[PDB]
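# need a structure here:
(chains A and B, ligands or ions: 7)
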Amino acid sequence: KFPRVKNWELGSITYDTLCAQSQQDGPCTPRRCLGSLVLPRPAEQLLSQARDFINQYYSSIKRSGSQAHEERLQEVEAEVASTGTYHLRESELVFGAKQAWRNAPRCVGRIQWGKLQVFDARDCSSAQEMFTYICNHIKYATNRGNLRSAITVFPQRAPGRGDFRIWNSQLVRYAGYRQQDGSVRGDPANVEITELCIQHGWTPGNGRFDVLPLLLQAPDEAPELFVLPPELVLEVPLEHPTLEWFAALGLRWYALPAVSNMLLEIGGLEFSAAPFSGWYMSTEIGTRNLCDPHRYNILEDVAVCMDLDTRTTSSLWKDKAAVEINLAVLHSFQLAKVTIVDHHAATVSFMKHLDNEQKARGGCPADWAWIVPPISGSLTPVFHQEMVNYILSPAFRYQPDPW
Amino acid sequence: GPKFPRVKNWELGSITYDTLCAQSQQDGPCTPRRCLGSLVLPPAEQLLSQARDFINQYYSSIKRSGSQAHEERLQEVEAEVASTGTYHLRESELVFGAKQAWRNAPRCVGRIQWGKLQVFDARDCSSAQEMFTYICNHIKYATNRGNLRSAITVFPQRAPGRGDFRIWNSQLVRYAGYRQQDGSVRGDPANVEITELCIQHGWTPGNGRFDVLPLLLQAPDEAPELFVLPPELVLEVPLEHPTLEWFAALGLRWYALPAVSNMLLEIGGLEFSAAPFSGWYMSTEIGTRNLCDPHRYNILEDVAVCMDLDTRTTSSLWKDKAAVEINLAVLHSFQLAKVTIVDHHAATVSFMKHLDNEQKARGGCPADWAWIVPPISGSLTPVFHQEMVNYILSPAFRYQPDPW
Ligand code: HEM
Ligand code: HEM
Ligand SMILES: Cc1cc(N)nc(C[C@H]2CNC[C@@H]2OCCNCCc2cccc(F)c2)c1
Ligand SMILES: Cc1cc(N)nc(C[C@H]2CNC[C@@H]2OCCNCCc2cccc(F)c2)c1
Ligand SMILES: C[C@H](O)[C@H](O)[C@H]1CNc2nc(N)[nH]c(=O)c2N1
Ligand SMILES: C[C@H](O)[C@H](O)[C@H]1CNc2nc(N)[nH]c(=O)c2N1
Ligand SMILES: [Zn+2]
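Residues are numbered from 1 along each chain as shown, chains lettered A, B, ... in the order given. Ligands and ions are numbered 1, 2, ... in the order given. This is the structure:
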C-alpha cells in the first residue's frame, strides 16, 4: 500500500506514508497513467473538511486536543449548522496558506514554504480596494530587488453570489498583439487577455514588452481596469556576460512572478482571488518564456547572432543558444540585484526539502515532470529521484476563466 | 467530449482522444489516490485467454478476423494447451509479435521504425555455445559496418518445469567496471556486479575504462558459460570534438550497437526469457546519461575544467555548457566514423510523426513522458509539450529478475 521511493544516483530508499492522508482523487487509474496532463479533466462534506483542517491547525501549534481546540471545533459546527458556511481566524488563514504552498506538488521552491507574508484582504468590498491591496502586495514583495514571498487573500466564495476574481493570470504580464499578418507582437500567451483589456477601454501600446493593466472583478460586477503605476513594476534589462550584442536584442523581463488566477482552498472554504508571489527560477524566463516556440520564440534569432549553423539539428544550435539565454537571465538579474535562483541551486534545495519532509511528515507529494527543469534535466539531482504525486488539502487549484 | 482520455499538445493547441487504452489488459502502478508514473520499476485459463487475444491480433493484422483459418488456428491453440499446457507460435506470428512488442513499448522514442525490424528465429537453439553463434550473427548483421539495422533474436520460450535460456549481461556490449582499493570505480560503475560475476566465472579482467565485457550465457538448467566477443565484431567510435582539439586526448569512446539483452519478450502468454534486441543510439543516451550521470562516467567536471569554466558556482551554467559539448562530440564522432546515430531533436520530431501515425491506425499510442523527453534540452523538443497516456499493451517487453 505504501510506495517505495528510490533515488537512482545514490541508491537510497524511503517509503511514502503521507499519501494515505489524501482525500482527493487525481487523474490516474490502474488501467492508465495520465500524470502528464496539465489540467484536470452540503454541510456534511464541508463540516468534515473544516474539522480536518482545524485538527491540522491545532496539531501544528502543539495544542492538539486542548480546550481552545475543542471550543474552536464547536464554533465551526455552530456556524455551519446555522449558516451553511463558516469563517477562518487570521492565524488559521496564515497556517492554511503556508500549507497550501507546502502541499503544491508542481512547486520546486518549497524549501521556502515556511517563509510567507500573508496579507488578509477579506475586508475588501470593491475592485478599487482590490487594486490598493494588489499594489501594496507588489511593493512589499518586490522590496527594491530583494524579493520576499507573499500572498494576499481576498474574500472567500459565497453560495449566494459571484466570485471576487483577478482576470489576469499573473499580476505582471506582457501584452500580446495579434497583427494583420497573423503574427503576434509581444507575448503570444497573453493574446486573449490583451484583447479583453482593450474591450474594457485600455489604450494599448505597440511594444514587445508592454505591462498589461489589471482587470479586477468584485461579485456580479463587470471587471474594472486598473493600470499599475510603472514605478511599482520592477524590470530587468537582459544583457550577456561576454556577448556584447545580446543587449541590442532589447530583451527584458519583470522581477515578480505573481500568480493571480488560482483558487486557494482551506478547510473546505474557497478563495477565488488569492494572488501569491515568490522569485523566479531562471529557466522559467530563459527557457520557457523566451525559448518556447509558442512564446517569444527567440532561439533562432539568438543562434544566428552567435553565427551558429542553423541548417541542421545535429550542430545542437538550439541547445547552445538556450544555454546563453539562460546565462544572460542569470547574469542580468544578479547585476540588477534582483533575486533569482538557477535550476541547479533550486533542485539541490528541493532535494533537501524532500528529506526535511520525509522526517516531518513521512513523505512529500511531487510531480516529477514539473520539478525537473526544462533544460539539463538529468544534470540535476531531481531527475534521478522517484516521486509520488497526490493531492493534500490545503491546496491551490485551477479554476475556470471568469469570462 | 468522448469517454476516453483527452490529450493536448500545448505548442500547437491540438487535441486527440486515446481509445486504444481500452485494449489494455494489464494494470500499471497508478491509482486515483496517487500517481506512481515516475517509478523506474513496477494456469491454463490465464494462458488461453492471452493466447486467444494474441491470435485475434494476428488475424486482424492480416485482415482475416472471423475467417476459417482464424477459427482453425484458435482451435489449434486450445487443443495444444489442453494436452501440453503450452503452445507454439507460427513463424509469421513470432515476426508479428516481436514488432508489436516494440510498437507497444511506452518508453521508446524510436518507435517510428517499429515496422522495420529483422526478426531472427533462434527457437532451435539448444546450447550456450549455439547462443553465442546466434548472438555473433545478430551483432554482425545489426552493425553492418556502421550502417546499423534493427534486429531481434528469439531463443526458445519458457517451458514448464524446465530452466530458462538467459543472457546474464544487460546488453550484448557493455564496459567493465572495476572496484578499486580507494573505493572508486575504474570503467562503468553501472556494471560492477556483472564484471565481478564474469571474473568469478573465470574471466581474466583488464584494467581500463573501456574494456568490453565477455558474455555470460545460460542454457536450461546448466551453469552459465563465458564467451569473449572477438574484437573485430564490436564496432566502437573514438570521441573527438569538431572545434575543441583537446577533446580527443581524453581517450573517451563508445560502442556502436545498443543491444538490450536481459528483457523478457511476452507474446500471447508465452515468455521468451532470452530475446536480445538492438537498434541504433540516440546521442543523449551516450553524451548525457552514460558519460555525465554522477553514478556513471561522471565526466562533466573534467570537461568543464578543460573548457576553463567556473566550476565553483552553479550559476555559471558550467554543467550545462560542458554537457552540450560532450553531446556534440558524440554526434560529430559518430558521423565522422559513419556509424548510425540520431540527435534528440530529430528523434523527438520523428516520434511526434509516429504519434500521428498511431492515432490514425490504432487511436492512440502508449507513451511514458518522463522517458520520451530527452535528458538535456527537454522543452526545446516537441515532445515536452505533448500530453501522453501511459498503459500496458501486449505483446510487450518486461523487466525480469536477474538470474543469479
Ligand atoms: C520562493 C520562490 C519560488 C520559486 C523559485 C518557485 C518555483 C516554481 C516553479 C519552477 C514552478 C513550476 C512552474 C511552471 O514551470 O509553470 C512552480 C509552481 C508552483 N508554485 Fe512555486 N515557486 C516559488 C514560490 C511560490 C510561492 C510563494 C507559492 C505560493 C504561496 C508557490 C506556489 C506554487 C504553485 C501552486 C505552483 C503550481 C502552479 C501551476 O500548476 O502552474 N510558489 N513554482
Ligand atoms: C531504432 C533505433 C532506436 C532508438 C533510437 C531507440 C531509443 C530508445 C530510447 C532513448 C529509450 C529510452 C531508454 C533510456 O534512455 O534508458 C528506449 C527504450 C526502449 N526501447 Fe528503443 N530504440 C530504438 C530501437 C529499439 C528496438 C529495435 C527495440 C526492440 C525491438 C526497442 C525497444 C525498446 C524498449 C522495450 C525500451 C524500454 C525498455 C527500457 O530500456 O527501459 N528500441 N529506446
Ligand atoms: C509563485 C511562483 C514563483 C515562481 N518562480 N514561479 C511560479 C510559476 C509560474 C511562473 N512561471 C510559470 C508559472 O505560471 C503559472 C501558470 N502555469 C502555466 C501553465 C498553465 C496553467 C493553467 C492553465 C493553462 F492554460 C496553462 C510561481
Ligand atoms: C534497442 C535500443 C536502442 C536504443 N537507442 N536505446 C535503447 C535503450 C537502452 C540503451 N541506452 C539506455 C537503455 O538501457 C536500458 C537499461 N536500463 C533501463 C533502466 C534500468 C532498470 C533497472 C536497472 C537499471 F540499472 C536501469 C535500446
Ligand atoms: C505536457 C506537459 O505535461 C507540459 O508540457 C508540462 C511538462 N512539465 C512542465 N514543468 C514545468 N515546471 N512547467 C511546465 O509548464 C511544464 N509543462
Ligand atoms: C526517477 C526517474 O523515473 C528516472 O530517473 C528516469 C527518468 N527518465 C528517464 N528517461 C529515459 N529515457 N531513461 C531513463 O533512464 C530515465 N530515468
Ligand atoms: Zn500516474
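
# residue A:371: what's it in contact with?
For residue A:371, the contacting residues are A:106, A:108, A:347, A:350, A:382, A:387, by Cβ atoms under 8 Å, 6 or more residues apart in numbering or on different chains. No exception for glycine: its C-beta is placed from N, CA and C like everyone else's.

# what about these, which are in helices?
Using DSSP state H, the subset of those located in helices is A:347, A:350.

# buried subset of the contacts of residue A:371 as a ChimeraX selection?
The ChimeraX selection below is limited to those of the contacts of residue A:371 classed as buried (16 or more other Cβ atoms under 10 Å in any protein chain shown):
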select /A:108,347,350,382,387
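
# what would the contacts of residue A:371 look like in JSON lines with distance to ligand 4?
JSON lines is the format used below for these (distance: Cβ to the nearest ligand atom, whole Å):
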{"residue": "A:106", "distance to ligand 4": "25"}
{"residue": "A:108", "distance to ligand 4": "24"}
{"residue": "A:347", "distance to ligand 4": "21"}
{"residue": "A:350", "distance to ligand 4": "23"}
{"residue": "A:382", "distance to ligand 4": "17"}
{"residue": "A:387", "distance to ligand 4": "17"}
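
# ok, so of the contacts of residue A:371, who is nearest ligand 1?
Ligand 1 lies nearest to residue A:106 out of these, by Cβ to the nearest ligand atom, at 3.9 Å.

# now the closest residue to the closest one other than its chain neighbours: how far from ligand 2?
The shortest distance from residue A:106 to any non-neighbouring residue, by Cβ to Cβ, 6 or more residues apart in numbering or on different chains, is to residue A:370 (3.9 Å). Distance of residue A:370 to ligand 2, given as Cβ to the nearest ligand atom, to the nearest Å: 20 Å.

# what's the helix or strand for residue A:370?
In the assignment (DSSP states H and E), residue A:370 maps to helix A:368-371.

# CA atoms of that helix as PDB?
Only the C-alpha atoms of helix A:368-371 are listed here, as PDB (Å, rounded to 0.1, in the frame of the first residue of the first chain):
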ATOM      1  CA  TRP A 368       8.300  14.800 -11.400                       C
ATOM      2  CA  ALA A 369       7.700  16.300 -14.900                       C
ATOM      3  CA  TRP A 370       7.200  19.800 -13.400                       C
ATOM      4  CA  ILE A 371      10.000  19.500 -10.800                       C
END
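
# contact partners for whichever residue of the stretch 51-200 of chain A sits closest to chain B?
Here the stretch 51-200 of chain A gets closest to chain B at one residue, residue A:105, 9.1 Å apart by Cβ to the nearest Cβ. Applying Cβ under 8 Å, 6+ apart, we find residue A:105 in contact with A:365-367, A:370, A:389-391.

# in strands, which of those residues appear?
Among the contacts of residue A:105, no member falls in strands (DSSP state E).

# so which of those residues comes closest to residue A:48?
residue A:391 (15.9 Å; Cβ to Cβ).

# on contacts alone, who are the packing partners of the helix or strand where residue A:97 lies?
For residue A:97, the host element (DSSP H and E) is helix A:90-102. When contacts are defined as 3 or more Cβ pairs under 8 Å, 6 or more residues apart in numbering or on different chains; DSSP states H and E, helix A:90-102 packs onto helix A:43-60, strand A:117-120, strand A:150-153, strand A:263-266, strand A:395-397.

# can you redo these as a markdown table with mean neighbour count?
Below are the helices and strands packed on helix A:90-102 laid out as a markdown table (neighbours: other Cβ atoms under 10 Å in any protein chain shown):
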| stretch | mean neighbour count |
| --- | --- |
| helix A:43-60 | 16 |
| strand A:117-120 | 18 |
| strand A:150-153 | 26 |
| strand A:263-266 | 23 |
| strand A:395-397 | 19 |
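
# would you mind giving these as a markdown table with distance to ligand 4 added?
Putting the helices and strands packed on helix A:90-102 into a markdown table (distance: least, Cβ to the nearest ligand atom, whole Å) gives the following:
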| stretch | distance to ligand 4 |
| --- | --- |
| helix A:43-60 | 39 |
| strand A:117-120 | 44 |
| strand A:150-153 | 41 |
| strand A:263-266 | 38 |
| strand A:395-397 | 33 |
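
# nearest residue to residue A:65 in space, ignoring adjacent ones along the chain?
residue A:58 (7.5 Å).

# where's residue A:396 relative to residue A:80, distance?
In this view, residue A:396 and residue A:80 are 24 Å apart by Cβ to Cβ, to the nearest Å.

# repeat for residue A:243
In this view, residue A:243 and residue A:80 are 61 Å apart by Cβ to Cβ.

# residue A:202: neighbouring residues, count only.
17 (other Cβ atoms under 10 Å in any protein chain shown).

# likewise for the one 4 residues further on?
Residues near residue A:206, counting by other Cβ under 10 Å, number 10.

# how about the contacts made by residue A:402?
A:163, A:165, A:167, A:217, A:223.

# out of these, which are inside strands?
Reading strands off the contacts of residue A:402 with DSSP E, I get A:165, A:217.

# and the contacts of residue A:105, which are buried?
Here, 16+ other Cβ under 10 Å leaves A:365-367, A:370, A:389-391 buried among these.

# using CSV, lay out these together with distance to residue A:400.
Formatted as CSV, the buried ones among the contacts of residue A:105 follow (distance: Cβ to Cβ, whole Å):
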residue, distance to residue A:400
A:365, 24
A:366, 26
A:367, 22
A:370, 21
A:389, 23
A:390, 23
A:391, 19
